[PDB]
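Reviewing the structure listed below.
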Amino acid sequence: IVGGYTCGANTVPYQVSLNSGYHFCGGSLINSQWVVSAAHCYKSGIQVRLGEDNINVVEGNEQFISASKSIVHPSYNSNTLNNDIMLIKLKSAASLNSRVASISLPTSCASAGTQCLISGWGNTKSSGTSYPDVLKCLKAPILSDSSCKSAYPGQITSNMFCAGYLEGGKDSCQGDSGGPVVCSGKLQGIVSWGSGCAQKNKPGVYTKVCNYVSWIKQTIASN
Ligand SMILES: N=C(N)c1cccc(C=O)c1
Ligand SMILES: [Ca+2]
């Protein structure tokens, strides 16, 4: 997250870190056994880390649970990043409490202008490279589909939306991928892609979660 703020320990209780020997992506806990992330985050040997603030220090609220299975969206295209969504099942159910909690799925899509909270342990610099140890947060509005398409000609599908600031300086970044965009307590987006980070006229692009609620529910119901 570039241009954001320190969230505060366990203030984003649905935020997960995906770990394969090191943090490599975010995710969102959607019930005691399932995490939503980006398909582009797919790899084998994932350990889901819940209750994290400092990802380099054991602070007392962590739950580390190995993934038992991953399900990339049937229509994920890695070239265009269309349908950039994946489900991860935990080997055991997470113990839910105030600091480890699921986030609600939307029942309808969010509109341009809605303020959302975007979070992660990704790069904090738009030019350089600096990775934070503690969870970073950004409040950002959803942008109109027209401005999103104007920013990224030929690249925005109906499964994507833009959020952030066309002026630059405030954005998600490398390492935030797969993490949440939460709007009025609903998971509306997944950190998916962008051109650089926090660049002028290049806002963040997010997977449009409301399109996938049917697929998520039915997938969970049979797995
Ligand atoms: N600018 C962003 N919001 C973003 C998100 C995820 C990855 C990347 C970099 O390729 C950029
Ligand atoms: Ca920790």
Side-chain angles (χ1 to χ4, degrees), residues 1 4-20 22-38 41 46-68 70 85-107 110 114-122 124 131-142 163 170 172-173 175-192 204 206-210 212-213 216-217 219-220:
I1 304 283
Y5 60 100
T6 296
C7 301
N10 312 112
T11 62
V12 188
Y14 50 84
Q15 173 83 53
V16 321
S17 168
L18 304 181
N19 183 290
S20 63
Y22 43 87
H23 167 86
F24 70 87
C25 273
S28 306
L29 189 66
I30 56 163
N31 65 30
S32 70
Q33 300 187 286
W34 289 90
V35 168
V36 169
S37 187
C41 291
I46 295 175
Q47 187 185 60
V48 174
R49 299 190 158 205
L50 315 181
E52 287 281 17
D53 190 43
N54 191 319
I55 52 167
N56 277 144
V57 178
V58 181
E59 300 178 294
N61 292 298
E62 296 89 351
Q63 296 177 49
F64 300 166
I65 307 173
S66 294
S68 57
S70 288
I85 185 170
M86 157 189 71
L87 285 159
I88 299 169
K89 190 181 188 185
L90 311 181
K91 274 181 182 278
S92 62
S95 295
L96 304 180
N97 54 61
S98 61
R99 297 177 169 82
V100 176
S102 52
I103 187 70
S104 297
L105 294 174
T107 54
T114 309
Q115 190 200 264
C116 308
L117 182 73
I118 306 174
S119 50
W121 287 277
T124 60
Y131 285 84
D133 295 307
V134 298
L135 186 67
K136 296 290 174 167
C137 274
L138 175 65
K139 290 182 182 184
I142 296 179
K170 290 164 106 174
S172 53
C173 199
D176 291 320
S177 287
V181 178
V182 166
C183 322
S184 304
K186 310 298 188 174
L187 183 69
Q188 296 286 5
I190 298 163
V191 181
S192 182
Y206 298 93
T207 307
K208 191 168 173 169
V209 174
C210 63
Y212 300 98
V213 172
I216 292 167
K217 291 197 283 196
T219 296
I220 288 173

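We count residues from 1, following the sequence as given.
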Run the side-chain contact (heavy atoms from CB on, under 4.5 Å) check on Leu87 and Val36 step by step: do they pass? CA-CA 5 Å; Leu87 285 159; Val36 169; 3.6 Å; yes

Search all heavy atoms of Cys41 against all heavy atoms of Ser177 and return the closest pair with its distance. SG-O, 3.6 Å

Quick one: pull up CD1 in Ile30 and CG in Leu105 and give me the separation to the nearest 0.5 Å. 5.0 Å

Working to the nearest 0.5 angstrom, can you tell me the gap between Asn10 CG and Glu62 CD? 8.0 Å

Using the rule given for side-chain contact (heavy atoms from CB on, under 4.5 Å), can you reason through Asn97 versus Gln63, listing the C-alpha separation, both sets of side-chain angles and the distance that settles it, and then say yes or no? CA-CA 11 Å; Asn97 54 61; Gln63 296 177 49; 3.9 Å; yes

Short side-chain donor-acceptor distance under 3.5 Å, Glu52 and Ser17: no

Side chains of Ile85 and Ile216 in contact at under 4.5 Å (non-hydrogen atoms): yes

Return yes when atom CZ of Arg49 has more than 12 non-hydrogen atoms of other residues, nucleotides or ligands closer than 6.0 Å, and no otherwise. yes

Evaluate the side-chain contact (heavy atoms from CB on, under 4.5 Å) criterion for residues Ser172 and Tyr206: first the C-alpha distance (whole Å), next the side-chain angles of each, then the deciding distance (0.1 Å), finally the verdict. CA-CA 10 Å; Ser172 53; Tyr206 298 93; 2.8 Å; yes

Treating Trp121 as the side-chain partner and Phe24 as the backbone partner, does any N or O pair qualify as donor plus acceptor under 3.5 Å? no

Over all atoms of both residues, closest heavy-atom pair of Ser104 and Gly185: CB-O, 3.7 Å

How long is the span from the OG atom in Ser68 to the CH2 atom in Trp34, to the nearest 0.5 Å? 7.0 Å

Rounded to the nearest 0.5 angstrom, the NZ-CG distance for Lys170 and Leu138 is 6.5 Å

Take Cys137 and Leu117 through the test side-chain contact (heavy atoms from CB on, under 4.5 Å) and record every step on the way to the result. CA-CA 7 Å; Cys137 274; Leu117 182 73; 4.0 Å; yes

Sort and list the pairs that fulfil side-chain hydrogen bond (donor to acceptor under 3.5 Å, both in side chains) and have at least one residue in residues 133-142, not counting sequence neighbours. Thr6-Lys136

State, yes or no, whether a side-chain contact exists between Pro13 and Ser98 at a heavy-atom distance under 4.5 Å. no

Rounded to the nearest 0.5 Å, the CG atom of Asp176 sits from the CD atom of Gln15 at a distance of 8.0 Å

Please check this pair: side chain of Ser102 against backbone of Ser32, looking for a donor-acceptor N/O pair closer than 3.5 Å. no

Distance, nearest 0.5 Å, that separates NZ of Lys208 from CD1 of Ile142: 8.5 Å

Taking the side chain as everything from C-beta on, heavy atoms only, tell me whether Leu187 gets closer than 4.5 Å to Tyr14. no

Heavy atoms of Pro106 and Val213 approach each other most closely as O-CG2, 3.5 Å

Have a look at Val16 and tell me which of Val12, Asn19, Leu18 forms a side chain to side chain contact (heavy atoms under 4.5 Å, CB included) with it. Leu18

What heavy-atom pair brings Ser70 and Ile88 nearest, and what distance separates the two atoms? OG-CG1, 3.8 Å

State, to 0.1 Å, how close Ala140 and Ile118 come at their nearest heavy-atom pair, and which atoms those are. CB-CD1, 4.0 Å

Expected output: side-chain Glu59 to main-chain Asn54 donor-acceptor under 3.5 Å: yes

Can you give me the closest heavy-atom contact between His23 and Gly175, atom names plus distance? NE2-O, 3.0 Å

